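What follows is one chain in structure tokens, specifically the form deposited in one PDB entry.
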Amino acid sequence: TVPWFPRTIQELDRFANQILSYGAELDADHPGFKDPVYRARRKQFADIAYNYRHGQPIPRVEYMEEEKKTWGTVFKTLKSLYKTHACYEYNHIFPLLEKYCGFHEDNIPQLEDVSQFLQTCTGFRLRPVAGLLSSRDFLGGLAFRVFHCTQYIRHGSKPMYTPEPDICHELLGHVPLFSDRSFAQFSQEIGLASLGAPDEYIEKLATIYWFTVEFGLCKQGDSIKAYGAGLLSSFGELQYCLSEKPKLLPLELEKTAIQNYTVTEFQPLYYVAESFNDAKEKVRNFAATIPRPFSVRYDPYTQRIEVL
């Protein structure tokens, strides 16, 4: 029968008891696997996320010198590429994040301050996430303009590498785009399309998310730039995605939804969005093809989903 989905923003609290309990930091393959301090530190952030409840301010954390150093390295190395490789919406908001959110090499921004900033721009808010959420729950949060965000940082031994999202990827990759109104509406449409959708369609929406929010390219006049969070947080792939090597195709959802992708090497192909308004329209039409015995609408005045 129709899978359960949250109907009010507070119901997202139900997700904490539905994450993958054995995280990536437990794999012998993880850069911090042999480091017990790192291990304990990850558990500390997981407990903060576990006890968090909608409406509370997100707990502030004092990062260690070693963690600030890793942030600094990532920030400084990536920043040199944005003016030439990132889509206009990213560069338009970055200076404001540097001024009101403390995006600077010597300081890791606190999620509460960043969340307040997003609320003022587009009403998006962040909530700390323990471990891995199912695609269903992750996408469902977007329907409420809620982005589940990691608060921990990657292990210091390999600053330019992370096998999972971490705070550098969330803040330098995702946050700037969520401050844009059209991108915010586009992300929310993916979320609304996921509510109560059958498992096989959630996987199609997760793939569309991968080829837009995480690895999307924008058409900007006669040029092509990156807006994908996975590209904006990867020094190597951000330079590669705008070279002659990858194959670029126009975003066509019937096609993007079933395309296979690798999570371990640079993407061999990327989809180019005409604009976020256009991508939003395409998702809305795609959503109409999803078999759901009902229709949904979000009411921002009450923060509830209306089931039609």
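A residue's number is simply how far along the shown sequence it sits, counting from 1. Only the largest set of C-alpha atoms that superpose within 1.5 Å between the two forms is called the rigid core.
Unshown form deposited in another entry; subsequent notes refer to it.
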{"property": "Mobile residue between the shown form and the other one, C-alpha criterion 2 Å or more, rigid core, from 110, 185, 73, 220", "result": "220"}
{"property": "Rigid core superposed: residue 59 CA moves 2 Å or more between the shown form and the other one", "result": "no"}
{"property": "CA of residue 40, rigid core aligned, shift of 2 Å or more between the shown form and the other one", "result": "no"}
{"property": "Exceeds or equals 2 Å, Cα of residue 126 between the shown form and the other one, core fit", "result": "no"}
{"property": "Cα distance between residue 187 and residue 288, which in that other deposited form differs by 3 Å or more from this form, closer or farther", "result": "closer"}
{"property": "Note on residue 181-residue 248 C-alpha separation in that other deposited form, which departs from the shown form by 3 angstroms or more", "result": "farther"}
